[PDB]
């Protein structure tokens, strides 16, 4: 009974990072080493655990969070990072246990003339808490002066399109990201690595 990771990794379209998606995985066998050894992934980093240890553990639930960012932002998907993505879009806890997986999606997510579907949040009053998801669309008040519903000096719309084009440099090309996190409850532990099956 293999975990349906394909539904996440091979989805036709991914979420915008500000509106990142979460898939719950349960009641299945996960081969984390097979994922780790896939040449399809250019980023594969685990925190608080390794793929070998995950192959020998059972969890109640696994969460697969997925979204698109630009290449030069991939380094922000890690504990203790700063930047617009870590601060305002998708935040991992300092004590994160899990894995960050990423791959270049230029062939899927860029379009001649721009793919404007993918957004990120450029401004926020405070930093996100870990695993917080903010889909609000109020004017960002950058200074002490209220905006009163009008954009202008220090009054900005908080979301921004990437506009991915295939001729962008790699730092500006789209990357698909999957973050795996792990939950243990006082309940049957139905997601296991192959060694603990």
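Numbering follows the first chain given and starts at 1.
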Of the two stretches 148-156 and 54-62, which shows the higher Cα B-factor on average in the entry? 54-62
Is the mean CA B factor in the deposited entry higher across 166-174 or across 25-33? 25-33
When the entry's CA B-factors for 102, 86, 112, 122 are compared, the highest one belongs to 112
In this crystal structure's PDB entry, the residue among 141, 137, 40, 161 with the greatest CA B factor is 40
Among modelled residues of the same chain, the CA temperature factor third for residue 49: highest
What third of its chain, lowest, middle or highest, does the C-alpha temperature factor of residue 16 fall into? lowest
Relative to the other modelled residues in the chain, which third contains the C-alpha temperature factor of residue 73: lowest, middle or highest? lowest
